[PDB]
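Peer 1: Build me a structure from this.
(chains A, B, C, D, E, F and G, ligands or ions: 17)
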Amino acid sequence: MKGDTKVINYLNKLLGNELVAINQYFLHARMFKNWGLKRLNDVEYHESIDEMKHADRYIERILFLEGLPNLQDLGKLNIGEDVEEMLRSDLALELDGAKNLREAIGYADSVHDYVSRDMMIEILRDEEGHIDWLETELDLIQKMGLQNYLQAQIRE
Amino acid sequence: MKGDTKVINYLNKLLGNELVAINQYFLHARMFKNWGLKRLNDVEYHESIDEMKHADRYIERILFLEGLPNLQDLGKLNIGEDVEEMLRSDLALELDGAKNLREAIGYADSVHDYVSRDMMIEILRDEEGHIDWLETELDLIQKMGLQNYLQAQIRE
Amino acid sequence: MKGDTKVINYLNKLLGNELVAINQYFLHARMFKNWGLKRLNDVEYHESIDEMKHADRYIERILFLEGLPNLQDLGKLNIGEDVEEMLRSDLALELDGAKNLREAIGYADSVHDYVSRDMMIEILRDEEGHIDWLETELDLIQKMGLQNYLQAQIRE
Amino acid sequence: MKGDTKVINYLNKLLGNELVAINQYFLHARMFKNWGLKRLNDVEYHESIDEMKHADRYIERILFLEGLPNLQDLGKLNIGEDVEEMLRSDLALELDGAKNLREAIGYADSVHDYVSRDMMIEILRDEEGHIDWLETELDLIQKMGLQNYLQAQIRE
Amino acid sequence: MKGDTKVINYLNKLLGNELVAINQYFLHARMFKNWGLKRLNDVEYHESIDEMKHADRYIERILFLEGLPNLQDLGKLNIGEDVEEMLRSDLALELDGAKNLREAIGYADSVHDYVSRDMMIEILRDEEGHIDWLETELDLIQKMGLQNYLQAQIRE
Amino acid sequence: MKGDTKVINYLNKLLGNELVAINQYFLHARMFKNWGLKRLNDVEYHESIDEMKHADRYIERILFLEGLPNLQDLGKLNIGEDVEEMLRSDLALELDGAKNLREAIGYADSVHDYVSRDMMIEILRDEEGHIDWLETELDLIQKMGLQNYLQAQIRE
Amino acid sequence: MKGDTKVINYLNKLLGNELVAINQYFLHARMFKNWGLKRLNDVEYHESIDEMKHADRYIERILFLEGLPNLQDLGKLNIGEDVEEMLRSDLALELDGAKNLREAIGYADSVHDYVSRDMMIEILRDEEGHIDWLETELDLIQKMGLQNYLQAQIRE
Ligand code: HEM
Ligand code: HEM
Ligand code: HEM
Ligand SMILES: [Zn+2]
Ligand SMILES: [Zn+2]
Ligand SMILES: [Zn+2]
Ligand SMILES: [Zn+2]
Ligand SMILES: [Zn+2]
Ligand SMILES: [Zn+2]
Ligand SMILES: [Zn+2]
Ligand SMILES: [Zn+2]
Ligand SMILES: [Zn+2]
Ligand SMILES: [Zn+2]
Ligand SMILES: [Zn+2]
Ligand SMILES: [Zn+2]
Ligand SMILES: [Zn+2]
Ligand SMILES: [Zn+2]
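Peer 2: Residues are numbered from 1 along each chain as shown, chains lettered A, B, ... in the order given. Ligands and ions are numbered 1, 2, ... in the order given. See the structure here:
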């Protein structure tokens, strides 16, 4: 089915977002794992998989709409060197992708691509979930302090 | 069976207490849950259910005694903004309801409504239980300090 | 995540609707139960739980959007004294809440809060279900007459 | 253990009440059964057993308190000739026994026989239950009319 | 295998009958379902499936006899607005299709298409069954009156 | 619940689309089955059922919105005489129904019938799926040629 | 443990290779899936996962050797527009990565990083496997011709 060109661009753009998220989350996961923060590796790893499912959904959609998925361009990774810095980076990224999702969803609706819209809304719901988690951890770090927070990540 | 009017008023009054408790506990639960204090959400949620069972018991009793359960009037909620403040509020409330229960129980006995009395005593036993729990948490917060207490609520 | 203020007000308003529904349905349930209309107690009770799940959804959402859930204000309960009157009251209430849901959903979409919107649409679908049921019972009462309808509620 | 004499008299008196209830309920049960009102035979039969458990409790208590259980004197049975009349009789009887229970309970407390009291309160709770049931059936008969009520008792 | 042309026309004609029956029965089913007459929705729905199996049988037969099944032409639906009217319509339709089946069966035999005949006879046996059911319900409505009949359809 | 009239017309129109799809797909299925293309009969048959579930959804919705489902009018079937021609016909039909779904969805949203909208979106997602399948088969026929394609349908 | 700097560069370089392979294989997989070549989607998808396991191994190794895994730089994807072209591209890529692996393995041995070496050898064994598969498919396409090859990918 020939899709709307601008919807495809959006889908590619969003795809692009998930592909930076996928890498940044996986690196973070294995950084935490290395440091022995087993619990943070577990969650961020599972978030990496999450972003991958998203990427796949865009890819299959672009192909269905007869567009060319762009996995060539990779946006800026921002890794960070300590837990806070790195959580905070993941959150800024999820925040930028939500902004992009909000725009794309609106546009899909206005060109009547309701199923792309529908898939985008479910994705944003997942993103909003990741946002929740990042915010919560970042706040726990302040309430209980960094040392206690770190100890709390040692077991899975 | 026509019940004693004043017993019905008491039962309504007590019902009224449980219905503020139900809401305050549920809000607290989901506040804790949002903050990531999984353990406190678990307990306060289960206390919300507890107060609901109580409310139901009064409702069925008032109806049996041929009175009109009043679910219209809702007493003052006091929510609080941090764990201590909020635990402390739940405790003041349980304390006021116990006082009311003590009064009502005495009166039921003196008009010979022994089964209302019996149901009230079992309820107060549950309340006293909630009082125990609130007091214990509040004391743990002092003994181990707030940061360690918070870390201790992260897992269920 | 800071939500849109007016979306939060809507969410609180809707929350407020569910909290009257929760009480009115529960009272009705136990009123029917008392009268021995076992079947009506079963359904309205299960509708009470239904409205509670809704309330919870709003609460967790308002908290996520960083607003303050208001469980303090309770709208007007209208109880009624016989089956019809009471069914008819539940229906007027579901009807007012659907109207509010329709208004809120539109607004969520226009400020791009697509996930609040999404949760609201699923809720309205449930409400519309309750509307169906109330309408159906009210019509059965006319087609088969009140006496036969009452007999039909004696067993679960 | 030598019990208080007046407590024993009360226990005997109450025993006496259960033994009329036992017979009246059983006769009613088998009257309903004969008429084909299977459902009413089921409940009243189970109430007969209920009263028997009560009788047993008094008997074992009187014997423990070193009194002589009197199963010789049997109060006035009032049978009735149709469903209503007969339900209405069972209800007047439960009502008289509740009155007696209330008096006895008060007295047990004042001579410090707290366990007799305790057993009496549990019994009265059961009685109050039977009262509920009789009242409910009697009201169903008015709401739905006698013919529909009778049809509703044909299956168990 | 080249079939007899007139047999194919008959098969198409009969097919045509089943395709009105299929729709009329399904609409009726969901009309009853909507009204809360759960029991009538269950049966008419299962009759819709029944007619579909019939249609399929004709279709596969026409194709085997090398004819073109006509699913394009749809006879007159007669829906009705109340239970009786609608049952009575389903019955007139089954009656017309039985008449057509009787004619077709005779003709198949006389051109030696014994297997088409055989399949038609089994179908007519099913139809005759549906006729039985419709007649019986229509008579129950008179014997027990409409109100009692309606109550009797509330549970499945 | 009284629905918006134009929404009902749309729902009827869409219903009408599914009812041509149901027949065309079933005929195609049994045409393939007859030709021994077991694999195509399996899929198109399962698509026929799919369209039937859709029809049912519209029917129950129209009835809920207090409209009259029209199963009387049947649009133009286009059958075709060979695999390609017939696949190509099914695709043109799915394409016209998607167009209609897109218009109806927009309109539902603008009159606030969000649940009709919601059901329509899920349907369109299924349709879009059928579109995918038809397009894919049509392209396989070109890539691998007709003879190889036919052989590939012989087993299920 | 501080690793040898040049070993880390190699590990990063190789990592870089797996991350182009991961994307190219996944796109290919879903391209085949879209075209209905179910069998090729299955294998290339499983090769994508394979390359991901590899990437993970490098990442955990670089982190253990105290280096910074570079997931930022992404080499040139070469996608292709038909099966052959695309298989042929995957093969050229596996061939370049094997060359790099051979170089790195030698160097690891000469600086005594025998475990990095060991992990690299196991990886190359997997790569050599993928090479085998690509070569085999490419040859089957010539022996049996493109049409027959395509038909052979339709089922999993
Ligand atoms: C380039 C950095 C990546 C790394 C290090 C990585 C790592 C992993 C790992 C370790 C797994 C678990 C293997 C398993 O399923 O058992 C996995 C699963 C998966 N990956 Fe990736 N991945 C990456 C990128 C991608 C990309 C770009 C895609 C394509 C959208 C993708 C798609 C998938 C899918 C669909 C699964 C299966 C999920 C499941 O069912 O568990 N990955 N990945
Ligand atoms: C208005 C604020 C309330 C909220 C947010 C709330 C929430 C909940 C939730 C989430 C559940 C679990 C659902 C389940 O049973 O699986 C529940 C259960 C229940 N609620 Fe409420 N509730 C509220 C008020 C009430 C009231 C006023 C009553 C009536 C006395 C009530 C009676 C019950 C009962 C009987 C259960 C079943 C307990 C069980 O067996 O688990 N609730 N409530
Ligand atoms: C007129 C041509 C039709 C034919 C030849 C046909 C054929 C069939 C067949 C063979 C089945 C399988 C029976 C089973 O469920 O075991 C079926 C199922 C079904 N049909 Fe039809 N059908 C037709 C039209 C319709 C229509 C107009 C509706 C109403 C919307 C409908 C609704 C259904 C439903 C709800 C099922 C059950 C699906 C399931 O759970 O498997 N059909 N049909
Ligand atoms: Zn994502
Ligand atoms: Zn995310
Ligand atoms: Zn309580
Ligand atoms: Zn309490
Ligand atoms: Zn609700
Ligand atoms: Zn509702
Ligand atoms: Zn007794
Ligand atoms: Zn009794
Ligand atoms: Zn038939
Ligand atoms: Zn029939
Ligand atoms: Zn459809
Ligand atoms: Zn379709
Ligand atoms: Zn590799
Ligand atoms: Zn490889």
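Peer 1: what about the spatially most central residue of chain A, which helix or strand?
Peer 2: When Cα atoms, centre = their mean is applied to chain A, the residue found nearest the centroid is residue A:21 (4.6 Å). Assigned by DSSP states H and E, residue A:21 belongs to helix A:5-35.
Peer 1: how distant is that helix from the center of its chain?
Peer 2: Here helix A:5-35 is found 6 Å from its chain centre; the criterion is Cα atoms, centre = their mean, to the nearest Å.
Peer 1: could you give the angle of that helix to helix G:5-35?
Peer 2: Here helix A:5-35 runs at an angle of 140 degrees relative to helix G:5-35 (axes from the mean of the first three to the mean of the last three Cα atoms, to 10 degrees).
Peer 1: Beyond helix A:5-35, next helix or strand please.
Peer 2: In N-to-C order, the element after helix A:5-35 by DSSP H and E is helix A:38-64.
Peer 1: counting contacts, what elements does that following helix pack onto?
Peer 2: helix A:5-35, helix A:114-144, helix G:5-35 (3 or more Cβ pairs under 8 Å, 6 or more residues apart in numbering or on different chains; DSSP states H and E). Heads up, the C-betas are built off the backbone N, CA and C, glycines and all.
Peer 1: Check which helices and strands the last one sits against.
Peer 2: What it means is helix G:5-35. Applying 3+ Cβ pairs under 8 Å, 6+ apart, we find helix G:5-35 packed against helix A:38-64, helix F:114-144, helix G:38-64, helix G:83-110, helix G:114-144.
Peer 1: Can you tell me the element the residue lying closest to residue A:5 once chain neighbours are set aside falls in?
Peer 2: In this structure, residue A:5 finds its nearest non-sequential neighbour in residue A:67, 7.8 Å apart by Cβ to Cβ, 6 or more residues apart in numbering or on different chains. Secondary structure from DSSP H and E places residue A:67 outside every helix and strand.
Peer 1: what about the closest residue to chain E within chain A, how many neighbours?
Peer 2: In chain A, the residue that lies nearest chain E is residue A:114 (26.1 Å; Cβ to the nearest Cβ). Number of residues near residue A:114 (other Cβ atoms under 10 Å in any protein chain shown) recorded here: 22.
Peer 1: buried ones in stretch A:77-85?
Peer 2: Of the residues in stretch A:77-85, A:77, A:79-80, A:83 count as buried by neighbour count, 16 or more other Cβ atoms under 10 Å in any protein chain shown.
Peer 1: ok, so of those residues, who is nearest residue E:93?
Peer 2: residue A:77 (70.1 Å; Cβ to Cβ).
Peer 1: From residue C:79, how far off is the closest one?
Peer 2: Counting by Cβ to Cβ, to the nearest Å, the separation of residue A:77 from residue C:79 is 61 Å.
Peer 1: hmm, back to that, enumerate every residue touching the residue of chain A closest to chain E.
Peer 2: Neighbouring residues of residue A:114 by Cβ atoms under 8 Å, 6 or more residues apart in numbering or on different chains: A:108, F:102, F:105, F:121, F:124.
Peer 1: Relative to residue F:111, how far out is it?
Peer 2: From residue A:114 to residue F:111 the distance is 16 Å (Cβ to Cβ).
Peer 1: correct me, but residue A:133 touches residue A:43?
Peer 2: Yes - using Cβ atoms under 8 Å, residue A:133 is in contact with residue A:43, at 7.0 Å.
Peer 1: Distance of residue A:49 relative to ligand 15?
Peer 2: 32 Å (Cβ to the ion, to the nearest Å).
Peer 1: just residue A:51 next, same as before
Peer 2: 32 Å.
Peer 1: and what of residue A:135?
Peer 2: Distance from residue A:135 to ligand 15, by Cβ to the ion: 42 Å.
Peer 1: Starting from residue A:88, give me the distance back to that residue.
Peer 2: 10 Å.
Peer 1: Residue A:130 too?
Peer 2: In terms of Cβ to Cβ, residue A:130 sits 14 Å off from residue A:88.
Peer 1: Residue A:4 too?
Peer 2: Applying Cβ to Cβ to residue A:4 and residue A:88 gives a distance of 36 Å.
Peer 1: Please apply the same query to residue A:104.
Peer 2: Using Cβ to Cβ, which is the criterion applied here, residue A:104 is 25 Å from residue A:88.
Peer 1: which one of the two has more residues nearby?
Peer 2: Between residue A:104 and residue A:88, counted using other Cβ under 10 Å, residue A:104 has the larger neighbour count: 23 against 17.
Peer 1: Just give the nearest non-adjacent residue to the more buried one, would you?
Peer 2: residue A:10 (4.0 Å).
Peer 1: Does that neighbour touch residue A:109 like I think?
Peer 2: No - in this structure, residue A:10 is not within contact of residue A:109 by Cβ under 8 Å, at 11.8 Å.
Peer 1: between the two, who's got more neighbours?
Peer 2: The neighbour count for residue A:10 versus residue A:109, taken as other Cβ under 10 Å, is higher for residue A:10 (23 against 20).
Peer 1: Determine if any part of stretch A:15-22 is in contact with ligand 5.
Peer 2: No - counting by Cβ under 5 Å from the ion, no contacts exist between stretch A:15-22 and ligand 5, the nearest distance being 5.5 Å.
Peer 1: Check whether stretch A:105-112 comes near chain C.
Peer 2: Yes - using Cβ under 8 Å from any Cβ of the partner chain, stretch A:105-112 reaches chain C at A:105-106.
Peer 1: Quick one: residues in contact with that stretch.
Peer 2: By Cβ under 8 Å, 6+ apart, stretch A:105-112 touches A:4, A:6-7, A:10, A:114, A:116-117, A:120-121, A:124, C:112, C:114, F:102, F:105-106.
Peer 1: So which of the residues you listed is the closest to ligand 3?
Peer 2: Minimum distance to ligand 3 across the contacts of stretch A:105-112 is 20.6 Å, recorded for residue F:105 (Cβ to the nearest ligand atom).
Peer 1: and the residue of chain A nearest ligand 4?
Peer 2: Using Cβ to the ion, residue A:54 is the residue of chain A that sits closest to ligand 4, at 3.4 Å.
Peer 1: list the contacts for that residue?
Peer 2: A:18, A:123, A:126.
Peer 1: so which of those is the most crowded?
Peer 2: Top of the contacts of residue A:54 by neighbour count (other Cβ under 10 Å): residue A:123, with 23 neighbours.
Peer 1: so how far is ligand 9 from the closest residue to it other than its chain neighbours?
Peer 2: Spatial nearest neighbour of residue A:123, chain neighbours left out: residue A:54 (5.4 Å); criterion: Cβ to Cβ, 6+ apart. Separation of residue A:54 from ligand 9 (Cβ to the ion) stands at 34 Å.
Peer 1: Tell me how far residue A:54 lies from chain F.
Peer 2: 17 Å (Cβ to the nearest Cβ, to the nearest Å).
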